[PDB]
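Below: one structure, written as structure tokens.
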Amino acid sequence: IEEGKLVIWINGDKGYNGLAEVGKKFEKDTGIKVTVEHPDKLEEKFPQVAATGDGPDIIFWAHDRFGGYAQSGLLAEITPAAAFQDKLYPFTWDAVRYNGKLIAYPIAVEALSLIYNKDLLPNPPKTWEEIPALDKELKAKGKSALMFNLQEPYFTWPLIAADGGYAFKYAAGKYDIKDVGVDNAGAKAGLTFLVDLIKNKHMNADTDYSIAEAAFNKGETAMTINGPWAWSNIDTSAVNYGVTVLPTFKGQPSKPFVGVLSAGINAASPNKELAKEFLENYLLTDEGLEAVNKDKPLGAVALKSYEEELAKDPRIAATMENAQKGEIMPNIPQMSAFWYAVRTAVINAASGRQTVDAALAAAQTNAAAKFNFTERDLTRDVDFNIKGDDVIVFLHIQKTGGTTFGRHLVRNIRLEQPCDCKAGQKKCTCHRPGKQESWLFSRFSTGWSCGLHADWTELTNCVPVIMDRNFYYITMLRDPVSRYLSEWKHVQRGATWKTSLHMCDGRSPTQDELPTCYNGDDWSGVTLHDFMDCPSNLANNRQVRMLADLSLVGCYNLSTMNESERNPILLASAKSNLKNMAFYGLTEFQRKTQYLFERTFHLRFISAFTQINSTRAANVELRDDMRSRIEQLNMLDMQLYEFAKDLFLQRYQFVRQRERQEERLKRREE
Ligand SMILES: O=C(O)[C@H]1O[C@@H](Oc2ccc([N+](=O)[O-])cc2)[C@H](O)[C@@H](O)[C@@H]1O[C@H]1O[C@H](CO)[C@@H](O[C@@H]2O[C@@H](C(=O)O)[C@@H](O[C@H]3O[C@H](CO)[C@@H](O[C@@H]4O[C@H](C(=O)O)[C@@H](O[C@H]5O[C@H](CO)[C@@H](O)[C@H](O)[C@H]5NS(=O)(=O)O)[C@H](O)[C@H]4O)[C@H](O)[C@H]3NS(=O)(=O)O)[C@H](O)[C@H]2OS(=O)(=O)O)[C@H](O)[C@H]1NS(=O)(=O)O
Ligand SMILES: OC[C@H]1O[C@H](O[C@H]2[C@H](O)[C@@H](O)[C@@H](O[C@H]3[C@H](O)[C@@H](O)[C@@H](O[C@H]4[C@H](O)[C@@H](O)[C@@H](O)O[C@@H]4CO)O[C@@H]3CO)O[C@@H]2CO)[C@H](O)[C@@H](O)[C@@H]1O
Ligand SMILES: Nc1ncnc2c1ncn2[C@@H]1O[C@H](COP(=O)(O)O)[C@@H](OP(=O)(O)O)[C@H]1O
Ligand SMILES: [Cl-]
Ligand SMILES: [Cl-]
Ligand SMILES: [Cl-]
Ligand code: NA
Ligand code: NA
Ligand code: NA
Ligand code: NA
């Protein structure tokens, strides 16, 4: 981001040419250039890049995305004088308040309306229920009743919400993120109605924004559902159209989710005062908003003065009627998870590939961020025969507390013949009774015989050969921000693990495949910024990479597939390999780790594990924006760890409960 310039991101359906005109007036008056851009998926890109030092100075989107950005420390708190605040409606400032603080400037209120072609349909239907009859009439005339975007849940939500669907329950002054309303009876009735429209061929599951718009603007369909921004192209096509209240469902109004177009200032912007000037003194004026509105209409604008001027527009009147009947969107971080969940459910139900009930049940789980596991997933019972052919393999991922855990395995297990650890010696002899055979494959027993910090791909391909059986793989995991910081501090004091083989498909990577991040013998002294800056840093997503089958993505050769393909493959593979291990622990839960290891393998430790809170990672003072960048660099690991933590804690609860029941049944004999 350059100082002395402004870069603005706004969505491609908004009046970006008009906004650019406002930017040119600002430049005329100040010599400060303003660049407007409309990148694809800007709302996903922003948290990915703002966290570094790219990204725009100002980001426009509906307010629902901004709580998540604010929680990650990506937005500047905005500081409008009371005089300026009174220029906009309080309704709209509420939309942009997060945890007591204002995090953007409200621009305009948007709600979906029913848009109809007066030359085909001079009185639009008041109910969804009458649409099938109407369509049958229109099809006899070579036309259809209704087409609108079925791919984005924003457009189908009004119907799903009408009879009772909700996102998050509002209770006791906040949104309850555990009380999700996507699979209740009302939600199902709404979605069932839409699925039925499609089954009876009144609508097509494939219809998206473009297809619906093209059909309406060409007079092929009598109605569409869309926002104020859409009116411009309709006027361009010279359709004679009206904008009205959405139809009712089961006698109740359609309830669109209401958005407030909002302008946030990037926390990493060196231009915060200039951004403030532009927004307050150029855009949020009658003239600024008029310039944007003339390009693509904004809806009901937040600035009282200009909102009064346009209030008489019946299109805006209908927009206000639908907005009053709907609900303002929450701005909480969990909104994007809600939307992603509903997006998928609606597509799969609409296609007929999944029933409404199953699809919404899946959305419910996802929106509430829950994990369902089978009994088999929770039950890990290993008749561990040290006398037999069983071998425990400890896959040690760097900085997960593996030195501690590995020392526990060789020093701390009560065995008839425990490991023989001679004083002042690194390794131990962990042999079966009476034999010269090892029961533990690990750094402190066999050594790094399949390579330094051999990962899942290496171990599974090397261990069986180098020991000739039942192999019981185990590992430890750590929250990724802490694990990443720990690795940065260890590298900063000389760690490189440069002798690791990184073997996959029978060879090590080439330098082109895996470039080194440092010149010279090591990366000692590196700052966190420079650590984060190397694209090929093996610290990034280390736990996923080391638990996945790397052959599935072409090993270390990043040209063999795109990131959009490679990433889901890695995550799924790591989840599967982890889940299917005999056991794993979490660094943050030392005692639960001990207990589950003991109950999995039917072993006991001599001395209790202990929790060390005062780690080197814990001592790093971490800005929220920086934490967020570390999360983004480790996003696969963040997902793996969320999964792993939940499974681990569900395993703990399951095993403890069972043990408590057993004790009790025993007492209920005596
Ligand atoms: O045996 C020979 O061939 C011998 O021959 C001699 O010549 C003759 C001998 C005899 C006769 N005769 O007539 O009788 C004639 C001639 C010749 O002079 C020798 O050069 C030659 O020796 C060669 O072979 C021997 C046997 O293989 C080698 O000795 C082995 O290896 C040594 C070594 O590699 O240094 C040494 O191993 C011990 O020390 C290592 C280094 O510390 C240990 O490995 C390290 O483990 C670290 C760890 O786990 O902590 C790891 O650290 C990294 O990860 C951790 C955890 O994440 C981080 O904390 C660290 O920060 C991180 N550091 S990093 O970022 O820098 O990576 C390290 O990476 C890893 O290197 C090793 O575990 C330890 N083994 S031990 O405990 O068992 O002792 C030993 O002497 C020996 O090991 S072993 O074979 O017994 O297992 C010798 O090196 C080799 N010399 S060479 O010149 O040919 O290469
Ligand atoms: O990978 C699947 C898709 O993911 C991406 O879309 C996501 C967004 O990132 C989420 O934020 C959300 O989108 C919401 C949006 O936040 C909300 O404001 C509303 O968007 C309206 C907008 O208010 C209005 O101004 C106008 O622009 O129409 C928008 C709807 O098209 O509703 C959205 C949900 O429909 O969820 C979506 C996933 O549905 C990514 O951008 C996609 O390209 C990708 O396919
Ligand atoms: N019992 C324990 N409780 C909490 N953290 C522990 C621990 N034993 C080790 N760790 C942490 O695990 C990291 C070392 O992992 P490894 O042995 O795999 O290199 C260190 O993190 P820090 O570097 O942040 O201090 C260390 O503090
Ligand atoms: Cl070794
Ligand atoms: Cl614990
Ligand atoms: Cl037990
Ligand atoms: Na040795
Ligand atoms: Na260490
Ligand atoms: Na160096
Ligand atoms: Na800290």
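Labeling convention for the structure tokens: chains A, B, ... as they appear, residues from 1 per chain, ligands from 1 in order of appearance.
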Could you build a table of the residues in chain A lying no more than 10 Å from ligand 6, giving for each the nearest pair of atoms and their separation in Å rounded to one decimal place, using only C-alpha atoms and all ligand atoms, ordered by chain and ascending residue number, as CSV?
residue,atom,partner,partner_atom_place_in_ligand_line,distance
A:381,CA,ligand 6,1 (Cl),9.0
A:382,CA,ligand 6,1 (Cl),9.7
A:383,CA,ligand 6,1 (Cl),9.9
A:595,CA,ligand 6,1 (Cl),8.9
A:596,CA,ligand 6,1 (Cl),8.8
A:597,CA,ligand 6,1 (Cl),8.9
A:598,CA,ligand 6,1 (Cl),5.8
A:599,CA,ligand 6,1 (Cl),3.9
A:600,CA,ligand 6,1 (Cl),6.7
A:601,CA,ligand 6,1 (Cl),6.8
A:602,CA,ligand 6,1 (Cl),3.9
A:603,CA,ligand 6,1 (Cl),6.3
A:604,CA,ligand 6,1 (Cl),7.8
A:655,CA,ligand 6,1 (Cl),9.9
A:659,CA,ligand 6,1 (Cl),9.1
Worksheet item: So which residues are near ligand 1, meaning at most 10 Å away with only C-alpha atoms and all ligand atoms counted, given back as a ChimeraX atom specification?
Response: /A:396-403,424-428,442-449,451-453,487,490-491,493-500,521-522
Dump N, CA and C atoms for the selected residues as a compact mmCIF listing (two decimals), in the first residue's frame?
# COMPACT_ATOMS: atom_id res chain seq x y z
N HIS A 396 6.94 -37.40 15.10
CA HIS A 396 7.18 -36.17 15.80
C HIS A 396 7.19 -34.99 14.83
N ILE A 397 6.15 -34.19 14.95
CA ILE A 397 6.05 -32.95 14.18
C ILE A 397 6.75 -31.81 15.00
N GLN A 398 7.63 -31.04 14.35
CA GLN A 398 8.42 -30.02 15.04
C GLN A 398 7.54 -29.05 15.87
N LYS A 399 7.98 -28.82 17.09
CA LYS A 399 7.44 -27.81 17.99
C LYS A 399 6.06 -28.14 18.56
N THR A 400 5.72 -29.42 18.65
CA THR A 400 4.43 -29.84 19.21
C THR A 400 4.61 -30.44 20.60
N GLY A 401 5.77 -30.19 21.22
CA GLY A 401 6.07 -30.79 22.50
C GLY A 401 6.50 -32.22 22.38
N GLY A 402 7.10 -32.59 21.24
CA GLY A 402 7.50 -33.95 21.01
C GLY A 402 8.71 -34.42 21.81
N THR A 403 9.57 -33.49 22.21
CA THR A 403 10.70 -33.87 23.09
C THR A 403 10.13 -34.35 24.42
N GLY A 424 23.58 -39.82 30.80
CA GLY A 424 24.33 -39.06 29.81
C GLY A 424 24.31 -39.70 28.42
N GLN A 425 23.20 -40.31 28.06
CA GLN A 425 23.02 -40.83 26.70
C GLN A 425 21.67 -40.39 26.19
N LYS A 426 21.64 -39.99 24.93
CA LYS A 426 20.43 -39.46 24.32
C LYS A 426 19.36 -40.55 24.15
N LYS A 427 19.73 -41.64 23.51
CA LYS A 427 18.78 -42.69 23.19
C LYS A 427 18.65 -43.74 24.27
N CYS A 428 17.61 -44.55 24.15
CA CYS A 428 17.34 -45.67 25.05
C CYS A 428 17.14 -46.91 24.22
N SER A 442 11.10 -44.32 17.31
CA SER A 442 11.10 -42.93 17.77
C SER A 442 12.50 -42.39 17.85
N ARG A 443 12.59 -41.06 17.83
CA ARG A 443 13.84 -40.33 17.96
C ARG A 443 14.69 -40.85 19.12
N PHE A 444 14.06 -41.17 20.26
CA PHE A 444 14.85 -41.52 21.44
C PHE A 444 15.07 -43.00 21.64
N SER A 445 14.64 -43.82 20.69
CA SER A 445 14.82 -45.25 20.77
C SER A 445 15.65 -45.66 19.54
N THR A 446 14.99 -45.77 18.40
CA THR A 446 15.65 -46.16 17.15
C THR A 446 16.42 -45.01 16.51
N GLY A 447 16.07 -43.79 16.85
CA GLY A 447 16.72 -42.64 16.25
C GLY A 447 15.93 -42.20 15.04
N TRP A 448 16.51 -41.29 14.26
CA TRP A 448 15.86 -40.80 13.07
C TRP A 448 16.14 -41.73 11.87
N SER A 449 15.88 -43.01 12.01
CA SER A 449 16.33 -43.93 10.96
C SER A 449 15.59 -43.84 9.61
N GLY A 451 14.71 -40.75 8.52
CA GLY A 451 15.01 -39.37 8.20
C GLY A 451 14.65 -38.48 9.40
N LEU A 452 15.33 -37.34 9.49
CA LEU A 452 15.10 -36.35 10.55
C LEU A 452 13.66 -35.84 10.46
N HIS A 453 12.90 -35.98 11.55
CA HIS A 453 11.48 -35.58 11.56
C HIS A 453 10.67 -36.16 10.36
N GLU A 487 8.28 -22.46 16.27
CA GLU A 487 9.22 -22.76 15.21
C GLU A 487 10.01 -21.51 14.77
N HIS A 490 12.66 -21.03 17.32
CA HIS A 490 13.70 -22.05 17.24
C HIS A 490 14.60 -21.84 16.02
N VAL A 491 14.01 -21.45 14.88
CA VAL A 491 14.81 -21.18 13.69
C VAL A 491 15.72 -19.95 13.97
N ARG A 493 17.08 -19.12 16.59
CA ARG A 493 18.23 -19.56 17.37
C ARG A 493 19.01 -20.72 16.75
N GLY A 494 18.87 -20.90 15.44
CA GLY A 494 19.72 -21.80 14.71
C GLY A 494 19.15 -23.09 14.14
N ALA A 495 17.91 -23.46 14.47
CA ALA A 495 17.32 -24.66 13.87
C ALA A 495 17.08 -24.51 12.37
N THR A 496 17.40 -25.56 11.63
CA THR A 496 17.10 -25.60 10.20
C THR A 496 16.43 -26.90 9.77
N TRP A 497 16.69 -27.99 10.49
CA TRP A 497 16.34 -29.35 10.03
C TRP A 497 16.71 -29.55 8.55
N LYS A 498 17.87 -29.01 8.17
CA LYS A 498 18.25 -29.02 6.75
C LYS A 498 18.57 -30.45 6.26
N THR A 499 18.83 -31.38 7.16
CA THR A 499 19.17 -32.73 6.74
C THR A 499 17.95 -33.64 6.58
N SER A 500 16.76 -33.11 6.81
CA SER A 500 15.55 -33.88 6.54
C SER A 500 15.54 -34.29 5.05
N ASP A 521 24.43 -20.78 6.31
CA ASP A 521 24.26 -22.05 7.01
C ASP A 521 22.91 -22.17 7.73
N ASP A 522 22.25 -21.05 8.03
CA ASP A 522 21.00 -21.08 8.78
C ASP A 522 20.26 -19.76 8.69
Item to complete: Give the residue list for ligand 9 at 7 Å, counting only C-alpha atoms and all ligand atoms, as number ranges by chain, sorted by chain and then by residue number.
Response: A: 518-524
Export N, CA, C and O atoms of the chosen residues as a short mmCIF file (atom, residue, chain, number, x, y, z; two decimals), in the first residue's frame?
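Written output follows (part20.cif):
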data_model
loop_
_atom_site.label_atom_id
_atom_site.label_comp_id
_atom_site.auth_asym_id
_atom_site.auth_seq_id
_atom_site.Cartn_x
_atom_site.Cartn_y
_atom_site.Cartn_z
N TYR A 518 16.79 -19.18 3.31
CA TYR A 518 17.94 -18.43 3.87
C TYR A 518 19.18 -18.63 3.03
O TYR A 518 19.38 -19.68 2.43
N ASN A 519 20.03 -17.60 2.98
CA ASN A 519 21.41 -17.75 2.52
C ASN A 519 22.29 -18.19 3.69
O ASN A 519 22.04 -17.84 4.86
N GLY A 520 23.30 -18.98 3.39
CA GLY A 520 24.30 -19.33 4.38
C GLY A 520 23.90 -20.59 5.10
O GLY A 520 23.13 -21.36 4.58
N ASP A 521 24.43 -20.78 6.31
CA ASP A 521 24.26 -22.05 7.01
C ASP A 521 22.91 -22.17 7.73
O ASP A 521 22.52 -23.27 8.08
N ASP A 522 22.25 -21.05 8.03
CA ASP A 522 21.00 -21.08 8.78
C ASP A 522 20.26 -19.76 8.69
O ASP A 522 20.64 -18.87 7.94
N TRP A 523 19.16 -19.66 9.41
CA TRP A 523 18.31 -18.49 9.31
C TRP A 523 18.28 -17.79 10.68
O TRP A 523 17.31 -17.14 11.05
N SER A 524 19.40 -17.89 11.41
CA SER A 524 19.49 -17.33 12.77
C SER A 524 19.30 -15.82 12.78
O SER A 524 19.73 -15.14 11.88
#
Worksheet entry | Contacts of residue A:144 within 6 Å, only C-alpha atoms, excl. fewer than 4 positions in-chain, as a ChimeraX atom specification | /A:135,138-139,221
Practice prompt. Find the residues around residue A:19 up to 8 Å (only C-alpha atoms counted), leave out those fewer than 5 positions away in its own chain, and share them as a ChimeraX atom specification.
Written response: /A:36,283,288,291-292
Go ahead and write the selection's residues with N, CA, C and O atoms as an mmCIF file, in the first residue's frame.
data_model
loop_
_atom_site.group_PDB
_atom_site.id
_atom_site.type_symbol
_atom_site.label_atom_id
_atom_site.label_comp_id
_atom_site.auth_asym_id
_atom_site.auth_seq_id
_atom_site.Cartn_x
_atom_site.Cartn_y
_atom_site.Cartn_z
ATOM 1 N N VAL A 36 -9.895 2.998 -7.936
ATOM 2 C CA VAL A 36 -10.975 2.060 -7.673
ATOM 3 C C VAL A 36 -10.720 0.754 -8.402
ATOM 4 O O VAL A 36 -10.286 0.760 -9.541
ATOM 5 N N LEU A 283 -17.485 11.299 -0.469
ATOM 6 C CA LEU A 283 -18.471 10.282 -0.813
ATOM 7 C C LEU A 283 -19.789 10.510 -0.103
ATOM 8 O O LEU A 283 -20.846 10.528 -0.741
ATOM 9 N N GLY A 288 -21.508 13.214 -3.878
ATOM 10 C CA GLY A 288 -20.765 11.972 -3.958
ATOM 11 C C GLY A 288 -21.688 10.791 -4.158
ATOM 12 O O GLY A 288 -21.478 9.959 -5.031
ATOM 13 N N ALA A 291 -23.308 10.652 -7.606
ATOM 14 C CA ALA A 291 -22.398 10.114 -8.624
ATOM 15 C C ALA A 291 -22.407 8.573 -8.609
ATOM 16 O O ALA A 291 -22.451 7.937 -9.647
ATOM 17 N N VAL A 292 -22.375 7.971 -7.423
ATOM 18 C CA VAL A 292 -22.397 6.508 -7.341
ATOM 19 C C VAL A 292 -23.759 5.978 -7.753
ATOM 20 O O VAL A 292 -23.866 5.063 -8.589
#
Worksheet entry | Residue nearest ligand 4 among A:392, A:450, A:258, A:32 (counting only C-alpha atoms and all ligand atoms) | A:450
Discussion item. Please find the residues contacting ligand 10 at a distance of at most 12 Å between atoms, with only C-alpha atoms and all ligand atoms counted, and report them as an MDAnalysis selection string.
Written reply: chainID A and resid 481:482 485:486 613:624 627
Discussion item. Please determine, counting only C-alpha atoms, which residue among A:360, A:177, A:22, A:300 has the shortest atom-to-atom distance to residue A:323.
Written reply: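 Counting only C-alpha atoms, the residue closest to residue A:323 is A:300.
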Item to complete: Can you tell me which residues come within 6 Å of ligand 2 when counting only C-alpha atoms and all ligand atoms, ideally as a VMD selection string?
Response: chain A and resid 41 43 to 44 62 64 to 65 152 to 154 259 336 339 to 340 343
Closest atom pairs, residues of chain A within 9 Å of ligand 5, only C-alpha atoms and all ligand atoms, as a Markdown table:
| residue | atom | partner | partner_atom_place_in_ligand_line | distance |
| --- | --- | --- | --- | --- |
| A:586 | CA | ligand 5 | 1 (Cl) | 8.6 |
| A:587 | CA | ligand 5 | 1 (Cl) | 8.9 |
| A:588 | CA | ligand 5 | 1 (Cl) | 6.8 |
| A:589 | CA | ligand 5 | 1 (Cl) | 3.5 |
| A:590 | CA | ligand 5 | 1 (Cl) | 4.9 |
| A:591 | CA | ligand 5 | 1 (Cl) | 4.0 |
| A:592 | CA | ligand 5 | 1 (Cl) | 4.1 |
| A:593 | CA | ligand 5 | 1 (Cl) | 6.6 |
| A:594 | CA | ligand 5 | 1 (Cl) | 8.3 |
| A:595 | CA | ligand 5 | 1 (Cl) | 8.7 |
| A:610 | CA | ligand 5 | 1 (Cl) | 8.7 |
| A:611 | CA | ligand 5 | 1 (Cl) | 7.6 |
Worksheet item: Can you tell me how far atom CA of residue A:585 sits from atom CA of residue A:475, in Å to one decimal?
Response: 6.6 Å
Worksheet item: Of the candidates A:142, A:67, A:434, A:132, which one gets nearest to residue A:219 if we count only C-alpha atoms?
Response: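 The closest residue to residue A:219 is A:142.
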Worksheet item: Quick one: distance from atom CA of residue A:306 to atom CA of residue A:99 in Å, one decimal?
Response: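 Answer for the atom CA of residue A:306 to atom CA of residue A:99 separation: 29.2 Å.
Shortest atom-to-atom contact with residue A:302 among A:76, A:547, A:395, A:107: A:107, counting only C-alpha atoms.
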Fill in: Residue neighbourhood residue A:541, 12 Å, only C-alpha atoms, exclusion window fewer than 3 positions, as number ranges by chain
A: 397-398, 477-481, 483-484, 487, 535-538, 544-548, 567, 570-571, 574, 630-641
Worksheet item: Skipping near chain neighbours, those fewer than 5 positions away, what residues fall within 7 Å of residue A:15 using only C-alpha atoms, listed as a ChimeraX atom specification?
Response: /A:292-293,295-296
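The space separating atom CA of residue A:410 from atom 17 (O, counted along the ligand's line) of ligand 3 comes to 14.3 Å.
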Enumerate, as a short mmCIF file (atom, residue, chain, number, x, y, z; two decimals) with N, CA and C atoms, in the first residue's frame, the complete set of residues in stretch 293-360 of chain A that a backbone-based DSSP assignment places in strand (DSSP E).
data_model
loop_
_atom_site.label_atom_id
_atom_site.label_comp_id
_atom_site.auth_asym_id
_atom_site.auth_seq_id
_atom_site.Cartn_x
_atom_site.Cartn_y
_atom_site.Cartn_z
N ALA A 300 -31.60 2.61 -0.33
CA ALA A 300 -31.90 3.71 0.61
C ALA A 300 -30.63 4.20 1.30
N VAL A 301 -30.15 5.38 0.92
CA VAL A 301 -28.84 5.79 1.37
C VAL A 301 -28.84 6.22 2.83
N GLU A 327 -34.77 -8.79 8.11
CA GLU A 327 -33.95 -8.60 9.28
C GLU A 327 -32.62 -8.04 8.84
N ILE A 328 -32.10 -7.10 9.60
CA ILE A 328 -30.74 -6.64 9.42
C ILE A 328 -29.80 -7.83 9.61
#
